[PDB]
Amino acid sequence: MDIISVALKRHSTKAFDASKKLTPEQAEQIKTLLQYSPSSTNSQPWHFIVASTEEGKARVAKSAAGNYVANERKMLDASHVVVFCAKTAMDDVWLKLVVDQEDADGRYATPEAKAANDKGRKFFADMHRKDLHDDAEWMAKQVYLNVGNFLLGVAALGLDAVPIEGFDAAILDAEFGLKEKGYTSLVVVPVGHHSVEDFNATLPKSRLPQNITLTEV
C-alpha cells in the first residue's frame, strides 16, 4: 500500500503482543531511521536509547510507574523501546563532530567550503544559544521532527508503535545517567506488534477538517 494508506491506517498502539519480536533485519531498519532523520543545520542534537533486553525495557518502564501505568505496560510488552533524547546545550565540540563527519563523507570540495558551512551552522546555533537563549527548545524541536519521521517509517515497515510523553523524564534521565552525559529524555516509542487488547487498532482515526486547519493561497 502507498504512503497515504500508511498515513491513514497507522495508529497509536495501546497494547503490544509480548510474544512478537522485530526480526534482526527490522532492528537494523529502525536504527537506520533514527540515524538518518534530517535536523536543522544537520545538528543531529540527539541520543537514542534502544532497549531490546527484558532488563533494558524494565529500566525504561520505571519512568512510567505509578502516575503513567497504562504507558508502563506498553514499554514492558513491546519488542524494542526507543528513548528519544535531546542534548541539554549546543556546544562547539558537537558542531565540530558533525562537520568532521560531513568532511569524512566528502561533502566539502575545499577547506574553504567546510569553513563556510561551519560558519553558517554557528550563525543559526548562536541565534539560539546567545540571542534567544532557547537552544534547549530548538534541539528538542529537532528531536520531535525525528519522532515524526520515525512513526511514519515504522508504520511503512509494517510495525506498530506509540509515541509516549506520559513518563517521568527526571526518573528516566537518572536511570541512564543522561544529565551527566549531556542529554534529557523527551519521547519514548515502544515498537512491535499490537495484541488483541489494542482497543485503538479498530477505532476510527479522527482529525480536524482542512477548512479549519489549512489555508490555500
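One-based numbering along the sequence shown.
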statement: Entry B factor averaged over C-alpha atoms, 175-183 against 38-46: higher for 175-183
- request: Could you settle it for me: does 59-67 or 158-166 have the higher average Cα B factor in the PDB entry?
  value: 59-67
Selection by C-alpha B-factor (highest) of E102, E137, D92, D77: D92
- line: On the chain's distribution of Cα B-factors, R73 falls within the third called middle
- prompt: In terms of the chain's CA B-factor thirds, is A15 lowest, middle or highest?
  reply: middle
query: Looking at the C-alpha B-factor of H194, is it in the lowest, middle or highest third of its chain?
result: middle
- request: Determine, from the deposited record, the chain-internal third of the Cα B-factor for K122: lowest, middle or highest.
  value: highest
field: Record-listed C-alpha B factor of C85: chain third
entry: lowest
